[PDB]
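Enquirer: Have a peek at run_32.txt (compact mmCIF, C-alpha atoms and all ligand atoms).
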# COMPACT_ATOMS: atom_id res chain seq x y z
CA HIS A 4 161.80 -100.83 40.30
CA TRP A 5 163.01 -103.60 38.00
CA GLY A 6 162.12 -107.19 38.75
CA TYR A 7 160.96 -110.45 37.19
CA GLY A 8 157.19 -109.97 37.01
CA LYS A 9 154.64 -109.16 34.27
CA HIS A 10 155.02 -105.46 34.80
CA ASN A 11 158.69 -105.01 35.66
CA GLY A 12 160.37 -108.10 34.23
CA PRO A 13 163.01 -108.60 31.48
CA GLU A 14 160.70 -107.35 28.68
CA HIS A 15 160.53 -103.97 30.41
CA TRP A 16 164.18 -103.44 31.39
CA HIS A 17 165.13 -101.68 28.15
CA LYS A 18 163.11 -98.57 29.18
CA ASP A 19 165.39 -97.71 32.18
CA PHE A 20 168.39 -99.65 30.73
CA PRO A 21 168.47 -99.16 26.90
CA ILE A 22 171.59 -101.35 26.76
CA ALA A 23 169.15 -104.30 27.27
CA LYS A 24 168.86 -104.26 23.47
CA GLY A 25 172.65 -103.93 23.03
CA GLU A 26 175.23 -105.80 20.94
CA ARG A 27 176.66 -108.13 23.65
CA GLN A 28 173.80 -109.00 25.97
CA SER A 29 173.58 -112.10 28.19
CA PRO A 30 172.53 -114.80 28.67
CA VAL A 31 172.55 -116.56 25.27
CA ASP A 32 171.62 -119.96 23.94
CA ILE A 33 174.79 -122.05 23.50
CA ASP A 34 174.42 -123.86 20.22
CA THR A 35 176.95 -126.67 20.73
CA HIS A 36 177.13 -127.38 16.99
CA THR A 37 178.04 -123.74 16.17
CA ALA A 38 180.61 -123.30 18.98
CA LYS A 39 184.13 -123.98 17.83
CA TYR A 40 186.96 -125.66 19.70
CA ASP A 41 189.69 -123.07 20.31
CA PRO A 42 193.22 -124.55 20.58
CA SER A 43 194.54 -121.07 21.59
CA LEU A 44 192.71 -121.15 24.94
CA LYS A 45 195.19 -121.65 27.87
CA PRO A 46 193.93 -124.01 30.63
CA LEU A 47 191.51 -122.38 33.12
CA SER A 48 192.78 -121.80 36.63
CA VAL A 49 190.21 -121.60 39.43
CA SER A 50 192.16 -120.81 42.63
CA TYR A 51 189.71 -120.70 45.54
CA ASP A 52 191.81 -122.28 48.42
CA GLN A 53 192.20 -118.95 50.31
CA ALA A 54 188.67 -117.65 49.62
CA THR A 55 187.23 -115.54 52.42
CA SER A 56 183.47 -115.36 52.53
CA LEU A 57 181.91 -112.63 54.71
CA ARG A 58 178.15 -112.41 54.39
CA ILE A 59 175.05 -113.58 52.62
CA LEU A 60 172.52 -111.02 51.50
CA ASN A 61 168.91 -111.22 50.15
CA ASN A 62 168.87 -108.25 47.78
CA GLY A 63 165.23 -108.57 46.68
CA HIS A 64 166.15 -110.38 43.45
CA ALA A 65 168.51 -113.16 44.48
CA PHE A 66 170.94 -113.86 47.30
CA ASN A 67 174.60 -112.86 47.20
CA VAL A 68 177.41 -114.69 48.99
CA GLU A 69 180.06 -111.95 49.35
CA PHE A 70 183.81 -112.34 49.58
CA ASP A 71 186.67 -110.24 50.84
CA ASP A 72 188.32 -109.13 47.59
CA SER A 73 190.86 -106.74 49.14
CA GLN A 74 193.75 -109.18 48.32
CA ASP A 75 194.32 -112.03 45.81
CA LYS A 76 192.64 -114.92 47.64
CA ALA A 77 190.04 -116.43 45.34
CA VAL A 78 191.05 -115.83 41.69
CA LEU A 79 190.19 -116.94 38.16
CA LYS A 80 192.85 -116.80 35.41
CA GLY A 81 193.82 -118.63 32.22
CA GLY A 82 191.34 -119.83 29.62
CA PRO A 83 190.20 -116.83 27.60
CA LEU A 84 191.37 -114.37 30.33
CA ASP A 85 194.37 -112.06 30.42
CA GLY A 86 195.56 -111.41 33.95
CA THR A 87 193.82 -112.01 37.25
CA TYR A 88 190.17 -111.69 38.17
CA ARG A 89 189.17 -111.66 41.85
CA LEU A 90 186.00 -113.24 43.17
CA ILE A 91 183.60 -110.67 44.67
CA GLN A 92 180.35 -112.62 45.11
CA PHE A 93 178.28 -115.49 43.91
CA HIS A 94 174.53 -115.87 43.41
CA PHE A 95 172.08 -118.10 41.63
CA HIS A 96 169.16 -117.82 39.29
CA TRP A 97 166.43 -120.52 39.57
CA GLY A 98 162.95 -121.53 38.56
CA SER A 99 159.56 -122.20 40.12
CA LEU A 100 159.81 -125.68 38.53
CA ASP A 101 162.80 -127.99 37.82
CA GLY A 102 162.25 -127.56 34.03
CA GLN A 103 163.38 -123.89 34.04
CA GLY A 104 165.62 -121.54 35.92
CA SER A 105 168.97 -121.29 34.13
CA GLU A 106 169.81 -118.18 32.15
CA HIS A 107 172.19 -119.70 29.60
CA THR A 108 170.69 -122.59 27.70
CA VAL A 109 172.48 -125.44 25.86
CA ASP A 110 170.86 -126.33 22.53
CA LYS A 111 167.72 -124.66 24.01
CA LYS A 112 167.86 -126.89 27.12
CA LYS A 113 167.05 -124.99 30.36
CA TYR A 114 168.52 -126.29 33.63
CA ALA A 115 166.86 -126.01 37.06
CA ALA A 116 169.22 -123.19 38.09
CA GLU A 117 172.50 -121.45 37.34
CA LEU A 118 175.30 -120.31 39.64
CA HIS A 119 177.29 -117.19 38.75
CA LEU A 120 180.66 -116.63 40.40
CA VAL A 121 181.41 -112.97 39.71
CA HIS A 122 185.04 -111.79 39.39
CA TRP A 123 186.67 -108.46 38.55
CA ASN A 124 189.86 -107.72 36.65
CA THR A 125 192.51 -106.65 39.20
CA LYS A 127 194.12 -104.28 36.56
CA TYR A 128 191.17 -101.91 37.18
CA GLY A 129 191.69 -101.58 40.95
CA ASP A 130 188.09 -102.26 41.98
CA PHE A 131 184.72 -103.57 40.93
CA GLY A 132 183.22 -100.14 40.21
CA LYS A 133 186.00 -99.21 37.79
CA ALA A 134 186.00 -102.73 36.28
CA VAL A 135 182.34 -102.40 35.23
CA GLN A 136 183.29 -99.46 33.04
CA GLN A 137 185.59 -101.70 30.94
CA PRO A 138 184.83 -104.21 28.15
CA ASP A 139 187.12 -106.74 29.90
CA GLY A 140 186.28 -105.74 33.47
CA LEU A 141 184.50 -108.86 34.66
CA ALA A 142 184.71 -112.64 34.36
CA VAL A 143 181.68 -114.72 35.39
CA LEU A 144 181.99 -118.45 35.90
CA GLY A 145 178.55 -119.93 35.19
CA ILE A 146 177.66 -123.41 36.42
CA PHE A 147 174.38 -125.21 35.67
CA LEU A 148 172.39 -126.97 38.37
CA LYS A 149 170.19 -130.02 37.71
CA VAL A 150 167.99 -131.73 40.28
CA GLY A 151 169.23 -135.19 41.35
CA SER A 152 171.67 -136.07 44.13
CA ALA A 153 172.30 -133.46 46.84
CA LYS A 154 175.37 -131.24 46.60
CA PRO A 155 177.03 -131.45 50.06
CA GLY A 156 179.04 -128.27 49.49
CA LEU A 157 175.78 -126.35 48.97
CA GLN A 158 174.08 -127.32 52.22
CA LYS A 159 175.61 -124.49 54.36
CA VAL A 160 174.06 -122.07 51.90
CA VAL A 161 170.67 -123.85 51.99
CA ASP A 162 170.60 -123.93 55.79
CA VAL A 163 171.27 -120.16 56.17
CA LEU A 164 168.39 -119.18 53.82
CA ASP A 165 165.69 -119.13 56.49
CA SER A 166 167.67 -116.30 58.19
CA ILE A 167 167.54 -114.10 55.10
CA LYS A 168 164.02 -114.82 53.90
CA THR A 169 163.09 -111.32 52.87
CA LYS A 170 164.58 -108.38 50.95
CA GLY A 171 167.38 -106.53 52.80
CA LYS A 172 168.15 -109.28 55.29
CA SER A 173 171.75 -110.51 55.63
CA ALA A 174 173.63 -112.97 57.79
CA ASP A 175 177.26 -113.57 58.72
CA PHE A 176 178.58 -116.12 56.27
CA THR A 177 182.28 -116.76 56.95
CA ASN A 178 184.43 -119.76 56.07
CA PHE A 179 182.28 -120.86 53.17
CA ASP A 180 184.38 -122.73 50.60
CA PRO A 181 183.20 -122.21 46.99
CA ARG A 182 185.35 -125.18 45.85
CA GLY A 183 182.43 -127.32 47.06
CA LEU A 184 180.19 -125.89 44.28
CA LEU A 185 182.39 -126.92 41.31
CA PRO A 186 181.78 -129.90 39.07
CA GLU A 187 184.69 -132.32 38.25
CA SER A 188 185.42 -131.05 34.78
CA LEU A 189 186.33 -127.47 33.91
CA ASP A 190 185.48 -127.90 30.19
CA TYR A 191 183.66 -124.69 29.23
CA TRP A 192 182.20 -122.44 26.54
CA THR A 193 183.25 -118.78 26.46
CA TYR A 194 181.90 -115.64 24.83
CA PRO A 195 181.79 -111.86 25.47
CA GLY A 196 178.57 -110.68 27.19
CA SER A 197 177.01 -108.69 29.95
CA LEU A 198 175.70 -108.73 33.50
CA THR A 199 172.23 -110.38 33.34
CA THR A 200 170.56 -107.97 35.81
CA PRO A 201 170.14 -104.23 35.47
CA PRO A 202 172.21 -102.26 34.74
CA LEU A 203 173.10 -105.04 32.21
CA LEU A 204 176.66 -103.76 31.75
CA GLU A 205 178.53 -105.20 28.79
CA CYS A 206 181.72 -105.94 30.69
CA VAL A 207 181.74 -109.78 31.11
CA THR A 208 183.90 -112.57 29.67
CA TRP A 209 181.54 -115.45 30.24
CA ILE A 210 182.98 -118.83 31.06
CA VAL A 211 180.13 -121.41 31.19
CA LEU A 212 181.05 -124.88 32.37
CA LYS A 213 179.71 -127.83 30.40
CA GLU A 214 179.28 -130.18 33.35
CA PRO A 215 176.35 -129.31 35.58
CA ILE A 216 176.34 -129.93 39.30
CA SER A 217 173.46 -131.91 40.77
CA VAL A 218 171.52 -130.58 43.75
CA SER A 219 168.64 -132.31 45.51
CA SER A 220 164.95 -131.53 45.15
CA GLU A 221 165.00 -130.54 48.88
CA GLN A 222 167.91 -128.08 48.27
CA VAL A 223 166.21 -126.25 45.35
CA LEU A 224 162.91 -126.28 47.23
CA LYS A 225 164.59 -124.22 49.95
CA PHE A 226 165.72 -121.62 47.32
CA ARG A 227 162.03 -121.36 46.32
CA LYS A 228 161.03 -120.48 49.92
CA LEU A 229 162.95 -117.18 49.74
CA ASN A 230 160.94 -113.98 49.22
CA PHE A 231 161.28 -111.06 46.76
CA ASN A 232 159.27 -108.84 49.16
CA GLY A 233 160.49 -107.16 52.37
CA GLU A 234 159.59 -108.33 55.89
CA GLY A 235 156.24 -106.87 56.64
CA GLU A 236 155.12 -107.08 53.01
CA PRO A 237 152.89 -109.79 51.52
CA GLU A 238 154.62 -112.90 50.33
CA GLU A 239 156.01 -113.04 46.79
CA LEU A 240 158.06 -116.22 46.44
CA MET A 241 161.61 -115.68 45.03
CA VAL A 242 161.30 -117.90 41.91
CA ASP A 243 161.96 -117.44 38.21
CA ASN A 244 164.63 -114.74 38.71
CA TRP A 245 166.27 -115.56 35.38
CA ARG A 246 166.60 -113.50 32.24
CA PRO A 247 165.90 -115.46 29.05
CA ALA A 248 168.32 -115.96 26.19
CA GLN A 249 169.20 -112.82 24.20
CA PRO A 250 170.32 -112.38 20.54
CA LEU A 251 173.88 -113.64 19.90
CA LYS A 252 174.32 -110.91 17.22
CA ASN A 253 177.28 -112.51 15.41
CA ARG A 254 179.43 -113.04 18.56
CA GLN A 255 181.23 -116.36 18.47
CA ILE A 256 181.09 -118.89 21.32
CA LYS A 257 184.32 -120.86 21.72
CA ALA A 258 184.73 -124.29 23.27
CA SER A 259 187.68 -125.24 25.47
CA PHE A 260 187.25 -128.93 24.56
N1 LIG A 301 178.92 -101.48 46.47
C1 LIG A 301 178.66 -102.62 45.55
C2 LIG A 301 179.68 -102.71 44.40
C3 LIG A 301 180.18 -101.35 43.94
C4 LIG A 301 179.43 -100.28 43.51
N2 LIG A 301 180.25 -99.22 43.21
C5 LIG A 301 181.54 -99.59 43.45
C6 LIG A 301 182.72 -98.85 43.32
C7 LIG A 301 183.89 -99.46 43.67
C8 LIG A 301 183.93 -100.78 44.12
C9 LIG A 301 182.75 -101.52 44.26
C10 LIG A 301 181.53 -100.91 43.93
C11 LIG A 301 178.52 -103.91 46.35
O1 LIG A 301 179.44 -104.69 46.67
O2 LIG A 301 177.36 -104.17 46.68
ZN ZN A 302 173.68 -113.88 37.65
Would you kindly transcribe this structure into structure tokens?
Ligand SMILES: N[C@@H](Cc1c[nH]c2ccccc12)C(=O)O
Ligand SMILES: [Zn+2]
Expert:
Amino acid sequence: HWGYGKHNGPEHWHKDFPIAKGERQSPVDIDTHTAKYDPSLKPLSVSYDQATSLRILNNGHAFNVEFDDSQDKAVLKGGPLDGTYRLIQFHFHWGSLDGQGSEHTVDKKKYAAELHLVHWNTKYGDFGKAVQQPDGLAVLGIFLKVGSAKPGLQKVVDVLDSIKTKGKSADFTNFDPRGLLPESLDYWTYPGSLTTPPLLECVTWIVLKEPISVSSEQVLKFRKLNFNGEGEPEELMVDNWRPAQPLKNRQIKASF
């Protein structure tokens, strides 16, 4: 099926998912000199104090940290958003080398990785209905650069050896996603899509300006994960990022 290689990677996705060539695809390059400050944006509210993580899953393309989204516990509101969006999962995209890995770019600059906190609009009742709506999802994107370790990431790094291969999961309760956030919530926002098949055009993207730093040893552990299943030959899970797609006359707004 779809993947990140020569034969099944982003250049091929349009065949099973024609929307890959659509009008609001993600990621995009953020041209900081074209983005305009928007005084009408309300402040962003990231409310993760009551977040309830359940499980971490290697899905053969990345790893998902899943949350209990059956009540308002971990929510995003404000900024460009109307109403309340509940956190369902987070995951990362990363490179084989520190010079690449993010999906969004900033004036063409690629970061070592990018974190996506995925949230659905509680007016649509659940995730599956939300992804049929142009305002169904809100993704909080955070860049990772290699430098100092991120302490709040280490519980994730240390569980990775237990989910090396496709289909493996592990209990992952009491993980606090507040430990993954940079200091500043300054952000760019634009309308876009999920960045993996089925590439649904349902996302208000909120991309924070300030990257988090993670250590070389932390990202190296991401690169030890496998795309393949247990029992299959080793295919390191690296370079699971889609490159920048055409902006097509969308406007990126700045909160700052
Ligand atoms: N089952 C998916 C998400 C999903 C697919 N269809 C849905 C319908 C309703 C709610 C959620 C879903 C998951 O969490 O892996
Ligand atoms: Zn993603």
Enquirer: Which residues sit within 6 Å of ligand LIG 301 (chain A), counting all atoms listed in the file, listed as a PyMOL selection string?
Expert: chain A and resi 130-132
Enquirer: Just write the chosen residues, C-alpha atoms, as a compact mmCIF listing (two decimals), keeping the file's coordinate frame.
Expert:
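Written file, again.txt:
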# COMPACT_ATOMS: atom_id res chain seq x y z
CA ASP A 130 188.09 -102.26 41.98
CA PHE A 131 184.72 -103.57 40.93
CA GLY A 132 183.22 -100.14 40.21
Enquirer: Please, which residues have at least one atom within 7 Å of an atom of ligand ZN 302 (chain A), using all atoms listed in the file, listed as an mmCIF file with C-alpha atoms, in the coordinates of the input?
Expert:
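What follows is the written file pocket_12.cif:
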data_model
loop_
_atom_site.group_PDB
_atom_site.id
_atom_site.type_symbol
_atom_site.label_atom_id
_atom_site.label_comp_id
_atom_site.auth_asym_id
_atom_site.auth_seq_id
_atom_site.Cartn_x
_atom_site.Cartn_y
_atom_site.Cartn_z
ATOM 1 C CA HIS A 94 174.530 -115.870 43.410
ATOM 2 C CA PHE A 95 172.080 -118.100 41.630
ATOM 3 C CA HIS A 96 169.160 -117.820 39.290
ATOM 4 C CA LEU A 118 175.300 -120.310 39.640
ATOM 5 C CA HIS A 119 177.290 -117.190 38.750
ATOM 6 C CA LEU A 198 175.700 -108.730 33.500
ATOM 7 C CA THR A 199 172.230 -110.380 33.340
ATOM 8 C CA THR A 200 170.560 -107.970 35.810
#
Enquirer: Using atom CA of residue 146 of chain A and atom CA of residue 82 of chain A as the two end points, give the distance in Å to one decimal.
Expert: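 Rounded to one decimal, the two atoms are 15.7 Å apart.
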Enquirer: Restrict the calculation to all atoms listed in the file, then for each residue of segment 14-125 of chain A with any atom at most 6 Å from an atom of segment 187-196 of chain A give the closest atom pair and their distance in Å to one decimal, rows by chain and rising residue number, as CSV.
Expert:
residue,atom,partner,partner_atom,distance
A:27,CA,A:196,CA,4.8
A:28,CA,A:196,CA,5.2
A:29,CA,A:196,CA,5.3
Enquirer: Using all atoms listed in the file, which residues of segment 50-81 of chain A come within 8 Å of segment 172-175 of chain A, and what is the closest atom pair for each, with the distance in Å to one decimal? Give it as JSON lines, sorted by chain and residue number.
Expert:
{"residue": "A:57", "atom": "CA", "partner": "A:175", "partner_atom": "CA", "distance": 6.2}
{"residue": "A:58", "atom": "CA", "partner": "A:175", "partner_atom": "CA", "distance": 4.6}
{"residue": "A:59", "atom": "CA", "partner": "A:174", "partner_atom": "CA", "distance": 5.4}
{"residue": "A:60", "atom": "CA", "partner": "A:173", "partner_atom": "CA", "distance": 4.2}
{"residue": "A:61", "atom": "CA", "partner": "A:172", "partner_atom": "CA", "distance": 5.5}
{"residue": "A:62", "atom": "CA", "partner": "A:172", "partner_atom": "CA", "distance": 7.6}
Enquirer: Please report the interatomic distance between atom CA of residue 251 of chain A and atom CA of residue 88 of chain A in Å with one decimal.
Expert: 24.6 Å
Enquirer: Using only C-alpha atoms, determine which residues lie at most 6 Å from residue 142 of chain A, disregarding the query and same-chain residues fewer than 6 positions distant; provide the list as a PyMOL selection string.
Expert: chain A and resi 122+207-209
Enquirer: Please write as a VMD selection string the list of polymer residues whose atoms come within 7 Å of (187.2, -126.0, 21.0), counting only C-alpha atoms and keeping to the coordinates of the file.
Expert: chain A and resid 39 to 42 257 to 260
Enquirer: Counting only C-alpha atoms, I want the residues whose atoms come within 10 Å of (162.7, -113.3, 57.1) in the file frame, returned as a list in words.
Expert: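 Residues with an atom at most 10 Å from (162.7, -113.3, 57.1): residues 61, 164, 165, 166, 167, 168, 169, 170, 171, 172, 173, 229, 230, 232, 233, 234 and 235 of chain A.
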Enquirer: Fewer than 5 positions away in the same chain doesn't count, so skip those; otherwise give me all residues within 10 Å of residue 220 of chain A, counting only C-alpha atoms, as a list in words.
Expert: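 Neighbouring residues, sequence-local ones excluded: residues 101, 115, 149, 150, 151, 152, 153 and 225 of chain A.
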Enquirer: Would you mind putting back N, CA, C and O atoms on segment 45-67 of chain A, then writing it out as a CSV table (one decimal), in the frame of the given file?
Expert:
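File produced: selection.csv:
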chain,number,residue,atom,x,y,z
A,45,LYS,N,194.3,-121.1,26.8
A,45,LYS,CA,195.2,-121.6,27.9
A,45,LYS,C,194.3,-122.4,28.9
A,45,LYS,O,193.1,-122.1,29.0
A,46,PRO,N,194.9,-123.4,29.7
A,46,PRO,CA,193.9,-124.0,30.6
A,46,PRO,C,193.4,-123.0,31.7
A,46,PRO,O,194.0,-122.0,32.0
A,47,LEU,N,192.2,-123.2,32.1
A,47,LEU,CA,191.5,-122.4,33.1
A,47,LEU,C,192.1,-122.7,34.5
A,47,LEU,O,192.2,-123.9,34.8
A,48,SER,N,192.3,-121.7,35.3
A,48,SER,CA,192.8,-121.8,36.6
A,48,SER,C,191.8,-121.2,37.6
A,48,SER,O,191.6,-120.0,37.6
A,49,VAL,N,191.1,-122.0,38.3
A,49,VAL,CA,190.2,-121.6,39.4
A,49,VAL,C,190.9,-121.8,40.8
A,49,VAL,O,191.2,-123.0,41.2
A,50,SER,N,191.3,-120.7,41.4
A,50,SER,CA,192.2,-120.8,42.6
A,50,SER,C,191.4,-120.2,43.8
A,50,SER,O,191.5,-119.1,44.1
A,51,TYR,N,190.6,-121.1,44.4
A,51,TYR,CA,189.7,-120.7,45.5
A,51,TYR,C,190.1,-121.2,47.0
A,51,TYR,O,189.4,-121.0,47.9
A,52,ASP,N,191.3,-121.8,47.1
A,52,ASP,CA,191.8,-122.3,48.4
A,52,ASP,C,191.8,-121.2,49.6
A,52,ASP,O,191.4,-121.6,50.7
A,53,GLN,N,192.1,-120.0,49.3
A,53,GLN,CA,192.2,-119.0,50.3
A,53,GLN,C,191.0,-118.1,50.3
A,53,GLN,O,191.0,-117.0,50.9
A,54,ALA,N,189.9,-118.5,49.7
A,54,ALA,CA,188.7,-117.6,49.6
A,54,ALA,C,188.2,-117.3,51.0
A,54,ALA,O,188.2,-118.1,52.0
A,55,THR,N,187.8,-116.0,51.1
A,55,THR,CA,187.2,-115.5,52.4
A,55,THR,C,185.8,-115.0,52.3
A,55,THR,O,185.6,-113.8,51.9
A,56,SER,N,184.8,-115.8,52.6
A,56,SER,CA,183.5,-115.4,52.5
A,56,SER,C,183.2,-114.5,53.7
A,56,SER,O,183.8,-114.6,54.8
A,57,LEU,N,182.2,-113.5,53.6
A,57,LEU,CA,181.9,-112.6,54.7
A,57,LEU,C,180.4,-112.7,55.1
A,57,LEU,O,180.1,-112.7,56.3
A,58,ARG,N,179.5,-112.8,54.1
A,58,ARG,CA,178.2,-112.4,54.4
A,58,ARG,C,177.3,-112.9,53.3
A,58,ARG,O,177.7,-113.0,52.1
A,59,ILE,N,176.0,-113.2,53.6
A,59,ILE,CA,175.0,-113.6,52.6
A,59,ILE,C,173.9,-112.6,52.7
A,59,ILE,O,173.5,-112.3,53.9
A,60,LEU,N,173.5,-112.1,51.6
A,60,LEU,CA,172.5,-111.0,51.5
A,60,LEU,C,171.3,-111.3,50.6
A,60,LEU,O,171.6,-111.8,49.4
A,61,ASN,N,170.1,-111.1,51.0
A,61,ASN,CA,168.9,-111.2,50.2
A,61,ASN,C,168.7,-109.8,49.6
A,61,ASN,O,168.3,-108.9,50.4
A,62,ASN,N,168.9,-109.6,48.3
A,62,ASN,CA,168.9,-108.2,47.8
A,62,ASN,C,167.6,-107.9,47.1
A,62,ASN,O,167.5,-106.9,46.4
A,63,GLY,N,166.5,-108.8,47.3
A,63,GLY,CA,165.2,-108.6,46.7
A,63,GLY,C,165.1,-109.2,45.3
A,63,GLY,O,164.0,-109.1,44.7
A,64,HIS,N,166.2,-109.7,44.7
A,64,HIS,CA,166.2,-110.4,43.4
A,64,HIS,C,166.8,-111.7,43.5
A,64,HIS,O,166.4,-112.6,42.8
A,65,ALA,N,167.9,-111.9,44.3
A,65,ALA,CA,168.5,-113.2,44.5
A,65,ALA,C,169.2,-113.1,45.8
A,65,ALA,O,168.9,-112.2,46.6
A,66,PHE,N,170.1,-114.0,46.1
A,66,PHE,CA,170.9,-113.9,47.3
A,66,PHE,C,172.4,-113.9,46.9
A,66,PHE,O,172.8,-114.7,46.1
A,67,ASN,N,173.2,-113.0,47.5
A,67,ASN,CA,174.6,-112.9,47.2
A,67,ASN,C,175.5,-113.4,48.3
A,67,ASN,O,175.3,-113.0,49.5
